[PDB]
Each structure stands twice: as structure tokens, then as C-alpha cells.
Amino acid sequence: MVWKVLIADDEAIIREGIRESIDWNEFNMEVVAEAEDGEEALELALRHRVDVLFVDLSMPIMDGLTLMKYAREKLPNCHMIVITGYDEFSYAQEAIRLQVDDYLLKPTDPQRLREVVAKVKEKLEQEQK
């Protein structure tokens, strides 16, 4: 039942902050995977067939955009949360083509993440009636 979440950020302090700022279980979610590059992250999303994925836009090896293009193709209704820095926000517009459920600013605060994660659960809940 519990929806599988992948967290992919090029910085461990931000990655392990998302992972531990919310009780994912209250949103019927479990984090099945974190990733530190976009090659490992795509591999991990396909292997765990994730429902929900947080991706930083900036990734080494394979960048966040290229990962998200592969992911929307191969996991046609995962929900996608693009994580952006301040210096990089003007370039999240290139992701609208991919239908991303939300955009997350980095570094985040626990209440913003809860609003984000509550939207996704709502849409997930609807597709499963």
C-alpha cells in the first residue's frame, strides 16, 4: 500500500534533512532510496518502481532534468518534486514540460515540505480509488 519515495540530492545534508523532517508513514509513504548522482538515482527509481521522487535538478554524472525525462517515460505516473536552489530557480521552468507536481526550494523548512508532501498524497489517493 505504502508509496515508495526516492530522494535524490547532490548534497547529503539536504538529502538527509528531507528524509528526516517528516514522518513519511503519516503520509503512507516510505523512503526506499536516497541517491547522490543521477545515474544511481535513475537506477534506483526503476529498480524500486517508485511512486514519488524528489530530484535536485543539479546532479553530477546525469543531471536532474535528464533523469526526470527518463523517469516520466519509464514510470509514467510517478509524481515529481523538483528541488531547486536559490541561484538556480530561474531554470526550473525547463521542467514544466515534464508535469512536475511541485517545486521545492533548498534549503527547506519542515512545514513547506509537509505542504508539498500533502499535495502528492492527495493526488496519489485519487488515482487509487
# chains A, B, ... in the order shown; residues from 1 in each chain; ligands from 1
>>> residues_around(residues="residue 114 of chain A", least_positions_apart="3", cutoff="12 Å", atoms="only C-alpha atoms", output="PyMOL selection string")
chain A and resi 18-24+26-27+104+108-111+117-121
>>> select_by_dssp(residues="chain A", states="alpha helix (DSSP H)", output="ChimeraX atom specification")
/A:12-20,38-47,64-74,110-127
>>> residues_around(residues="residue 48 of chain A", least_positions_apart="2", cutoff="8 Å", atoms="only C-alpha atoms", output="ChimeraX atom specification")
/A:4,32,44-46,50
>>> atom_distance(atom1="atom CA of residue 78 of chain A", atom2="atom CA of residue 52 of chain A")
5.3 Å
>>> closest_residue(among="A:95, A:33, A:83, A:71", to="residue 113 of chain A", atoms="only C-alpha atoms")
A:83
>>> residues_around(residues="segment 11-14 of chain A", least_positions_apart="5", cutoff="10 Å", atoms="only C-alpha atoms", output="ChimeraX atom specification")
/A:19,34-37,56,58-59,83,106-108
>>> atom_distance(atom1="atom CA of residue 60 of chain A", atom2="atom CA of residue 3 of chain A")
26.7 Å
>>> atom_distance(atom1="atom CA of residue 92 of chain A", atom2="atom CA of residue 128 of chain A")
28.9 Å
>>> residues_around(residues="residue 38 of chain A", least_positions_apart="5", cutoff="9 Å", atoms="only C-alpha atoms", output="PyMOL selection string")
chain A and resi 8-10+43+55+58-64+66-67
>>> write_last_selection(atoms="N, CA, C and O atoms", output="CSV table (one decimal), in the first residue's frame")
chain,number,residue,atom,x,y,z
A,8,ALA,N,16.8,12.4,-4.1
A,8,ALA,CA,18.0,12.5,-4.9
A,8,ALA,C,18.5,13.9,-4.9
A,8,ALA,O,17.9,14.8,-5.6
A,9,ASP,N,19.5,14.2,-4.1
A,9,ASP,CA,20.1,15.5,-4.0
A,9,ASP,C,21.6,15.3,-4.0
A,9,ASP,O,22.1,14.4,-3.3
A,10,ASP,N,22.3,16.3,-4.6
A,10,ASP,CA,23.7,16.2,-4.7
A,10,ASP,C,24.4,16.7,-3.4
A,10,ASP,O,25.6,17.1,-3.5
A,43,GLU,N,18.7,4.4,-11.9
A,43,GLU,CA,18.8,3.0,-11.5
A,43,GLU,C,17.9,2.7,-10.3
A,43,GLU,O,17.2,1.7,-10.3
A,55,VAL,N,14.0,15.2,-6.8
A,55,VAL,CA,15.2,15.3,-7.6
A,55,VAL,C,15.6,16.7,-7.7
A,55,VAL,O,14.8,17.6,-8.0
A,58,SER,N,20.1,19.8,-10.2
A,58,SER,CA,21.5,19.7,-10.2
A,58,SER,C,21.9,18.3,-9.7
A,58,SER,O,21.7,17.9,-8.6
A,59,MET,N,22.4,17.5,-10.6
A,59,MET,CA,23.0,16.2,-10.2
A,59,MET,C,24.3,16.1,-11.0
A,59,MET,O,24.4,16.6,-12.2
A,60,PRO,N,25.3,15.5,-10.4
A,60,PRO,CA,26.5,15.1,-11.2
A,60,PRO,C,26.3,13.8,-12.0
A,60,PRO,O,25.3,13.1,-11.8
A,61,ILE,N,27.2,13.6,-13.0
A,61,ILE,CA,27.1,12.4,-13.9
A,61,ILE,C,25.9,12.7,-14.9
A,61,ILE,O,26.1,13.1,-16.0
A,62,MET,N,24.7,12.4,-14.4
A,62,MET,CA,23.5,12.7,-15.1
A,62,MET,C,22.7,13.8,-14.4
A,62,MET,O,22.5,13.6,-13.2
A,63,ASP,N,22.3,14.9,-15.0
A,63,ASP,CA,21.7,15.9,-14.3
A,63,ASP,C,20.2,15.6,-14.0
A,63,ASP,O,19.6,14.7,-14.5
A,64,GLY,N,19.6,16.5,-13.1
A,64,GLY,CA,18.2,16.2,-12.7
A,64,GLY,C,17.2,16.2,-13.9
A,64,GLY,O,16.3,15.4,-13.9
A,66,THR,N,17.7,15.4,-17.1
A,66,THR,CA,17.9,14.2,-17.9
A,66,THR,C,17.3,13.0,-17.2
A,66,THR,O,16.7,12.1,-17.8
A,67,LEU,N,17.5,12.9,-15.9
A,67,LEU,CA,16.9,11.9,-15.1
A,67,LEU,C,15.3,11.9,-15.1
A,67,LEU,O,14.7,10.9,-15.4
>>> closest_residue(among="A:116, A:31, A:98, A:82", to="residue 6 of chain A", atoms="only C-alpha atoms")
A:31
>>> decode(residues="segment 77-105 of chain A", atoms="N, CA, C and O atoms", output="PDB file, in the first residue's frame")
ATOM      1  N   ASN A  77       3.457   7.389 -14.173  1.00  0.00           N
ATOM      2  CA  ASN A  77       2.844   8.271 -13.169  1.00  0.00           C
ATOM      3  C   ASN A  77       3.511   8.107 -11.810  1.00  0.00           C
ATOM      4  O   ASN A  77       2.867   7.825 -10.799  1.00  0.00           O
ATOM      5  N   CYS A  78       4.826   8.270 -11.779  1.00  0.00           N
ATOM      6  CA  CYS A  78       5.448   8.800 -10.584  1.00  0.00           C
ATOM      7  C   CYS A  78       5.124  10.285 -10.489  1.00  0.00           C
ATOM      8  O   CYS A  78       4.853  10.962 -11.487  1.00  0.00           O
ATOM      9  N   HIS A  79       5.149  10.792  -9.273  1.00  0.00           N
ATOM     10  CA  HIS A  79       4.983  12.212  -9.050  1.00  0.00           C
ATOM     11  C   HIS A  79       6.349  12.812  -8.771  1.00  0.00           C
ATOM     12  O   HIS A  79       7.192  12.190  -8.118  1.00  0.00           O
ATOM     13  N   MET A  80       6.573  14.004  -9.292  1.00  0.00           N
ATOM     14  CA  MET A  80       7.927  14.511  -9.394  1.00  0.00           C
ATOM     15  C   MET A  80       8.015  15.820  -8.640  1.00  0.00           C
ATOM     16  O   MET A  80       7.225  16.733  -8.876  1.00  0.00           O
ATOM     17  N   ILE A  81       8.953  15.906  -7.699  1.00  0.00           N
ATOM     18  CA  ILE A  81       9.158  17.115  -6.913  1.00  0.00           C
ATOM     19  C   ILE A  81      10.560  17.604  -7.219  1.00  0.00           C
ATOM     20  O   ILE A  81      11.544  16.999  -6.782  1.00  0.00           O
ATOM     21  N   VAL A  82      10.651  18.692  -7.966  1.00  0.00           N
ATOM     22  CA  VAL A  82      11.929  19.275  -8.348  1.00  0.00           C
ATOM     23  C   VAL A  82      12.443  20.138  -7.204  1.00  0.00           C
ATOM     24  O   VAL A  82      11.755  21.068  -6.764  1.00  0.00           O
ATOM     25  N   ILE A  83      13.646  19.835  -6.723  1.00  0.00           N
ATOM     26  CA  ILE A  83      14.298  20.581  -5.646  1.00  0.00           C
ATOM     27  C   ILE A  83      15.215  21.635  -6.258  1.00  0.00           C
ATOM     28  O   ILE A  83      16.119  21.306  -7.026  1.00  0.00           O
ATOM     29  N   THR A  84      15.017  22.897  -5.914  1.00  0.00           N
ATOM     30  CA  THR A  84      15.857  23.933  -6.501  1.00  0.00           C
ATOM     31  C   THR A  84      16.568  24.753  -5.433  1.00  0.00           C
ATOM     32  O   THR A  84      16.037  24.995  -4.339  1.00  0.00           O
ATOM     33  N   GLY A  85      17.799  25.157  -5.766  1.00  0.00           N
ATOM     34  CA  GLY A  85      18.468  26.211  -5.037  1.00  0.00           C
ATOM     35  C   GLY A  85      17.997  27.601  -5.446  1.00  0.00           C
ATOM     36  O   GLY A  85      17.233  27.798  -6.390  1.00  0.00           O
ATOM     37  N   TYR A  86      18.476  28.593  -4.697  1.00  0.00           N
ATOM     38  CA  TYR A  86      18.112  29.978  -4.970  1.00  0.00           C
ATOM     39  C   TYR A  86      18.728  30.459  -6.276  1.00  0.00           C
ATOM     40  O   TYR A  86      18.067  31.106  -7.094  1.00  0.00           O
ATOM     41  N   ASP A  87      19.997  30.142  -6.486  1.00  0.00           N
ATOM     42  CA  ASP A  87      20.796  30.564  -7.629  1.00  0.00           C
ATOM     43  C   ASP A  87      20.390  29.876  -8.915  1.00  0.00           C
ATOM     44  O   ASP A  87      20.982  30.151  -9.962  1.00  0.00           O
ATOM     45  N   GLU A  88      19.412  28.980  -8.856  1.00  0.00           N
ATOM     46  CA  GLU A  88      19.115  28.071  -9.951  1.00  0.00           C
ATOM     47  C   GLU A  88      17.626  28.035 -10.255  1.00  0.00           C
ATOM     48  O   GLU A  88      17.192  27.263 -11.116  1.00  0.00           O
ATOM     49  N   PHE A  89      16.833  28.848  -9.567  1.00  0.00           N
ATOM     50  CA  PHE A  89      15.390  28.705  -9.658  1.00  0.00           C
ATOM     51  C   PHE A  89      14.875  29.099 -11.028  1.00  0.00           C
ATOM     52  O   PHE A  89      13.916  28.497 -11.531  1.00  0.00           O
ATOM     53  N   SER A  90      15.502  30.100 -11.650  1.00  0.00           N
ATOM     54  CA  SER A  90      15.076  30.535 -12.972  1.00  0.00           C
ATOM     55  C   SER A  90      15.127  29.413 -13.986  1.00  0.00           C
ATOM     56  O   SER A  90      14.538  29.542 -15.060  1.00  0.00           O
ATOM     57  N   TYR A  91      15.816  28.324 -13.679  1.00  0.00           N
ATOM     58  CA  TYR A  91      15.978  27.245 -14.629  1.00  0.00           C
ATOM     59  C   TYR A  91      15.200  25.990 -14.242  1.00  0.00           C
ATOM     60  O   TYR A  91      15.474  24.914 -14.777  1.00  0.00           O
ATOM     61  N   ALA A  92      14.213  26.105 -13.347  1.00  0.00           N
ATOM     62  CA  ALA A  92      13.273  25.003 -13.142  1.00  0.00           C
ATOM     63  C   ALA A  92      12.122  25.042 -14.141  1.00  0.00           C
ATOM     64  O   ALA A  92      11.441  24.028 -14.330  1.00  0.00           O
ATOM     65  N   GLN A  93      11.897  26.190 -14.785  1.00  0.00           N
ATOM     66  CA  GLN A  93      10.903  26.289 -15.848  1.00  0.00           C
ATOM     67  C   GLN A  93      11.114  25.240 -16.942  1.00  0.00           C
ATOM     68  O   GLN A  93      10.150  24.767 -17.550  1.00  0.00           O
ATOM     69  N   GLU A  94      12.357  24.845 -17.203  1.00  0.00           N
ATOM     70  CA  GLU A  94      12.567  23.820 -18.212  1.00  0.00           C
ATOM     71  C   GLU A  94      11.949  22.481 -17.834  1.00  0.00           C
ATOM     72  O   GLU A  94      11.976  21.563 -18.652  1.00  0.00           O
ATOM     73  N   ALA A  95      11.377  22.341 -16.637  1.00  0.00           N
ATOM     74  CA  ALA A  95      10.793  21.072 -16.220  1.00  0.00           C
ATOM     75  C   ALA A  95       9.282  21.016 -16.400  1.00  0.00           C
ATOM     76  O   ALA A  95       8.717  19.913 -16.379  1.00  0.00           O
ATOM     77  N   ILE A  96       8.623  22.163 -16.600  1.00  0.00           N
ATOM     78  CA  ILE A  96       7.175  22.178 -16.836  1.00  0.00           C
ATOM     79  C   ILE A  96       6.751  21.211 -17.943  1.00  0.00           C
ATOM     80  O   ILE A  96       5.656  20.654 -17.889  1.00  0.00           O
ATOM     81  N   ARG A  97       7.586  21.003 -18.964  1.00  0.00           N
ATOM     82  CA  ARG A  97       7.234  20.026 -19.988  1.00  0.00           C
ATOM     83  C   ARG A  97       6.943  18.662 -19.386  1.00  0.00           C
ATOM     84  O   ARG A  97       6.177  17.887 -19.958  1.00  0.00           O
ATOM     85  N   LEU A  98       7.553  18.347 -18.239  1.00  0.00           N
ATOM     86  CA  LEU A  98       7.534  17.001 -17.671  1.00  0.00           C
ATOM     87  C   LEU A  98       6.413  16.785 -16.662  1.00  0.00           C
ATOM     88  O   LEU A  98       6.307  15.683 -16.111  1.00  0.00           O
ATOM     89  N   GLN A  99       5.586  17.804 -16.408  1.00  0.00           N
ATOM     90  CA  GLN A  99       4.477  17.715 -15.466  1.00  0.00           C
ATOM     91  C   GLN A  99       5.024  17.324 -14.093  1.00  0.00           C
ATOM     92  O   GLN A  99       4.999  16.154 -13.692  1.00  0.00           O
ATOM     93  N   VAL A 100       5.561  18.298 -13.362  1.00  0.00           N
ATOM     94  CA  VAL A 100       6.067  18.035 -12.023  1.00  0.00           C
ATOM     95  C   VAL A 100       5.055  18.558 -11.014  1.00  0.00           C
ATOM     96  O   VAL A 100       4.491  19.645 -11.167  1.00  0.00           O
ATOM     97  N   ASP A 101       4.793  17.751  -9.995  1.00  0.00           N
ATOM     98  CA  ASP A 101       3.704  18.063  -9.085  1.00  0.00           C
ATOM     99  C   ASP A 101       3.993  19.321  -8.277  1.00  0.00           C
ATOM    100  O   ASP A 101       3.068  20.076  -7.953  1.00  0.00           O
ATOM    101  N   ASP A 102       5.264  19.569  -7.972  1.00  0.00           N
ATOM    102  CA  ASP A 102       5.668  20.686  -7.130  1.00  0.00           C
ATOM    103  C   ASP A 102       7.151  20.984  -7.339  1.00  0.00           C
ATOM    104  O   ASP A 102       7.891  20.210  -7.948  1.00  0.00           O
ATOM    105  N   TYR A 103       7.568  22.127  -6.816  1.00  0.00           N
ATOM    106  CA  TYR A 103       8.954  22.559  -6.825  1.00  0.00           C
ATOM    107  C   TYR A 103       9.334  22.852  -5.385  1.00  0.00           C
ATOM    108  O   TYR A 103       8.568  23.486  -4.651  1.00  0.00           O
ATOM    109  N   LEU A 104      10.486  22.356  -4.959  1.00  0.00           N
ATOM    110  CA  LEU A 104      10.908  22.514  -3.576  1.00  0.00           C
ATOM    111  C   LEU A 104      12.153  23.378  -3.556  1.00  0.00           C
ATOM    112  O   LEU A 104      13.092  23.152  -4.329  1.00  0.00           O
ATOM    113  N   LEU A 105      12.131  24.395  -2.712  1.00  0.00           N
ATOM    114  CA  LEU A 105      13.278  25.264  -2.536  1.00  0.00           C
ATOM    115  C   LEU A 105      14.198  24.641  -1.500  1.00  0.00           C
ATOM    116  O   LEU A 105      13.736  24.069  -0.510  1.00  0.00           O
TER     117      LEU A 105
END
